[PDB]
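Order-wise, the sequence lines are chains B and A. Residues 227 to 622 (PDB author numbering) make up the first sequence, in order. Residues 227 to 622 (PDB author numbering) make up the second sequence, in order. The beta carbon of each residue, even a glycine, is placed where N, CA and C say it ideally should be. Data block below; observations after.
Number of protein chains: 2
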Amino acid sequence: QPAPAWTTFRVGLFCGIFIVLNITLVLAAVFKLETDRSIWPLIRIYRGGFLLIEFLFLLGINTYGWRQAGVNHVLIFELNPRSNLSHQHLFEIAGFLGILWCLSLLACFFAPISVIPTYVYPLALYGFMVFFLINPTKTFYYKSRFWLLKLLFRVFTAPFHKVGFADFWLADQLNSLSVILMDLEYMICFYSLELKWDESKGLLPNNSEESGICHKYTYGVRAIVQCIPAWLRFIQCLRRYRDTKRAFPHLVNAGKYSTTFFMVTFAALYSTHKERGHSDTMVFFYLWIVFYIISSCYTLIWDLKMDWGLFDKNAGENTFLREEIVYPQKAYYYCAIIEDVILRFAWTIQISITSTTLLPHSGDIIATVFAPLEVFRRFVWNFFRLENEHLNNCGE
Amino acid sequence: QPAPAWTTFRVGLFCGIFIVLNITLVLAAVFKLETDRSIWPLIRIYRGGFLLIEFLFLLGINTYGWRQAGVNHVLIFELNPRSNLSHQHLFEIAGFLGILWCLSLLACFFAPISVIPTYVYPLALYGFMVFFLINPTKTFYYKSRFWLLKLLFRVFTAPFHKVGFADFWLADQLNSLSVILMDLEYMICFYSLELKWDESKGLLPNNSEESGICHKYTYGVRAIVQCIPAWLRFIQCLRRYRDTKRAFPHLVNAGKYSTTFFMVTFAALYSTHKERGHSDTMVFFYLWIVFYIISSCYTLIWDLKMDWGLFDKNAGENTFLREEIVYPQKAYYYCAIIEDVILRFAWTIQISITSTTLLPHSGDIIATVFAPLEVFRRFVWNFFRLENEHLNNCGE
């Protein structure tokens, strides 16, 4: 059914304010923001909000495509039929949050008037976001936030509860968005140990030895945060095997989800080896690279054959595809297959350097540049995973 | 007729961009625009565009009101029943012109760099508006622009063509937009006579005797371009009387529009005598105030009694209104009566102030404040005029 003009009008209003705010923010950054002050902490803090906004927009795009293409995704997610969110609500929420993020960033830039210089705005934005998430009144999409909160509870306690479709789906979407988790941990570390709260001005050049502790792994504060979603999904799959006792897919997935654990622990060992400067440290490079290959070359084989279900023996006229395809043009299929193999390697590299403390001056730049790319990889992955599930359900 | 969601999205986008541009323009004006330079030429240049944008938005509100309340404008305007322009398109055009106007004003405020320092943006904006109006392509509401141009041609040569509803309605609307003509004339004079076109800057001191040449009226075309709309409507009503052979309504109406001729000529005569310091100059004042009252107290009885059909003897239970009404709240009618009575005086005050060059310091300011009020008065007027026309058509 066509949505009322109020919803669409709100979507457009928020989109336009968002666009103009982005342009004026770029102009202010290029012109007003002096380069001498380091601005890396600001980006490291606001990257999480940007990623969340982008993910919400992209999810709106996927649900649009799902309704257009004929995928019966309400039954697949086992949603409530009479109360569902279409693309416009997701667009409106994303635009609203983007307006707030842009306003907070602009305030941090200019600092119009206050006595505490700039370190209230990020806390305020994140506090309002979490308040929106857990607001107990019956307004602003109460059902959807209730369902999401219950499902988050189920996912983070998954080794105990039964696992369903939306459980592991949001488990993966958390696996791609781990950047927000490490950003939150770094923000807590910075606000706890580094910043002079009982002072003025704020950020200043760091010359002391104690500076840069949050850049270090200390004991495990960096690697464990990285592998947390891997642990969640690993334990979910183990439990699914335990209830089901079906060998092939459930036991195979454990290895795929444990390869990242092996890669992360090897990266941490290499970090401590550069700290020690051992003679064999260079040799430890090779193993990492090996387990880099063994990582990517694993999940790739899983992506095309098991996730998306390509390379069917009954391909027929559909070259390098399955017998039955719902999307009209094979061009998107081939484009996605091409770009996924490119983006997976960058994702693994990003995970490695965001916890290994490598490339000291360019590592965070690397993290920034390929942070909003695995999200697009997952945005592509969603379409084909859900359509494969729809045809699998249709077959049986 | 549910419009497509894209139209509503564009309306929202343009509204949001317009709001943010207005806010940043206000901020830049209070902060960045230094006050040493005389700025009144900028206001006298951009006032025409502002008034046109405002009039277009208010017409959108008017047509939405007619459609919702039951005022059947399609039959009376003689528009094609199957091709009509809804209020959302009027909102779109108003927002588009407003965004362009805001961008041009901001550029004139800043003017990053060029070969021509700052005075290309006004001609650029007005030329864009004209090329939009007279574009011969079959795009951008290819019926509305052509219909408006044809009606403008019919109105501007009124004493020759037959007179229908749309002709006199647009003539009445034009009666409230003489400020556009005054602004256009002043801009032409400034860019033709005084401005050093082959030069730079544009902030020459105003204390020189050479300044304010276009503010003078000794040549006497200011008054004529002022009363041009009055002449158009007067000769139109005279032609209507000639064609109809009915003295009462058309002839009294013609006298009504005739009074402003005496208004303007007496105002100009006082101005000339006062500059010459003629002994009995205040004598020329006296008749003026008389021709003040006999003007306003004239048009009022046309607006309240004949235009709207109020104060009817056969009203019945609805005291001080007509017998039948369509709008629910009498507070609307009473507030409209009070506001019409209040603003009918300010309209003639503004006319005399603009065409007489009195109050050398406060005249421009008071004209600026009273300009966006008689257009709102006309906006209020259309409601009840079209409702009375619909009642007349239904009854007979």
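Within a 10 Å sphere around the beta-carbon of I319 (chain A) sit 16 or more other beta-carbons, which makes this residue buried. Your pair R548 (chain A) and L530 (chain A) does not check out as a contact, with CB atoms roughly 11 Å apart and the cut at 8 Å. The count of Cβ pairs closer than 8 Å, one atom from the segment 399 to 415 of chain B and one from the segment 262 to 279 of chain B, reaches three, so the stretches are in contact. Shown here, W373 (chain B) sits in a helix according to DSSP, grouped into three states.
Residue environment analysis places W266 (chain B) among the exposed positions, since fewer than 16 neighbouring C-beta atoms fall within 10 angstroms of its C-beta. Boundaries for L429 (chain B): no alpha helix (DSSP H) harbours it, and the DSSP string shows neither H nor E there. Not a single C-beta of chain B is nearer than 7 Å to the C-beta of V405 (chain A). If you look at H387 (chain A), you'll find it isn't in any alpha helix (DSSP H); DSSP assigns it neither H nor E. No Cβ-Cβ contact shorter than 7 Å links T491 (chain B) with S521 (chain B). Taking a C-beta distance under 7 Å as the contact criterion, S418 (chain B) and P455 (chain B) do not qualify as a contact pair. Burial state of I591 (chain A) is exposed, judged by a 10 Å Cβ sphere holding fewer than 16 other Cβ atoms. Taking each of A:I325, A:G238, A:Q314, A:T580 in turn and checking the Cα distance to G291 (chain A), the smallest one comes out for A:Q314.
Against chain A, the beta carbon of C241 (chain B) has neighbours under 7 Å at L239, listed in chain order. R570 (chain B) places its beta carbon less than 7 Å from that of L526 (chain B).
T289 (chain B) is outside the set of residues whose beta carbon lies under 7 Å from a beta carbon in chain A.
The Cβ neighbour count for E600 (chain B), taken over all protein chains shown within 10 Å, is at least 16; the residue is labelled buried. The alpha-carbon separation between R472 (chain B) and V381 (chain B) amounts to approximately 22 Å. Counting only runs of 4 or more residues that sit fully inside the segment 453 to 519 of chain B, the alpha helix (DSSP H) segments are 473 to 502, in chain order. Burial is judged here by how many other beta carbons sit within 10 angstroms of a residue's own beta carbon; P307 (chain B) has fewer than 16 and is exposed. Close CB contacts of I577 (chain A) within its chain, under the 6 Å cut and outside five residues either way in sequence, are absent. Pairing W327 (chain A) with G275 (chain A) gives a Cβ-Cβ distance under 7 Å. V246 (chain A) belongs to the set of residues whose beta carbon lies under 7 Å from a beta carbon in chain B. With fewer than 16 other beta carbons inside 10 angstroms of its own, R263 (chain B) counts as exposed. In the structure shown, the three-state DSSP call for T583 (chain A) is coil. By the Cβ criterion, the segment 361 to 377 of chain A is not in contact with the segment 545 to 563 of chain A, since fewer than three pairs of Cβ atoms, one from each stretch, lie closer than 8 Å.
Chain B places no beta carbon closer than 7 Å to that of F546 (chain A), leaving this residue out of the contacts. At least one beta carbon of chain B lies nearer than 7 Å to the beta carbon of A231 (chain A). A Cβ-Cβ separation of about 26 Å leaves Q294 (chain B) out of contact with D393 (chain B) under the 8 Å criterion.
Here the segment 354 to 366 of chain B does not lie against the segment 423 to 437 of chain B, with fewer than 3 beta-carbon pairs under 8 Å apart. With distances taken between CA atoms, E550 (chain B) lies nearest to B:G621 out of B:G621, B:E260, B:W423. For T234 (chain A) against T234 (chain B), the beta-carbon gap comes to about 4 Å, under 8 Å, which counts as contact. The residues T485, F488, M489, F492, in chain order, have a CB closer than 8 Å to that of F517 (chain B) in the same chain once the five nearest residues on each side in sequence are set aside. CA-CA distance, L585 (chain B) to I579 (chain B), rounds to 8 Å. Interface flag for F235 (chain A) against chain B is set, since a Cβ pair is found closer than 7 Å.
Bounds of the alpha helix (DSSP H) holding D409 (chain A) are 404 to 415.
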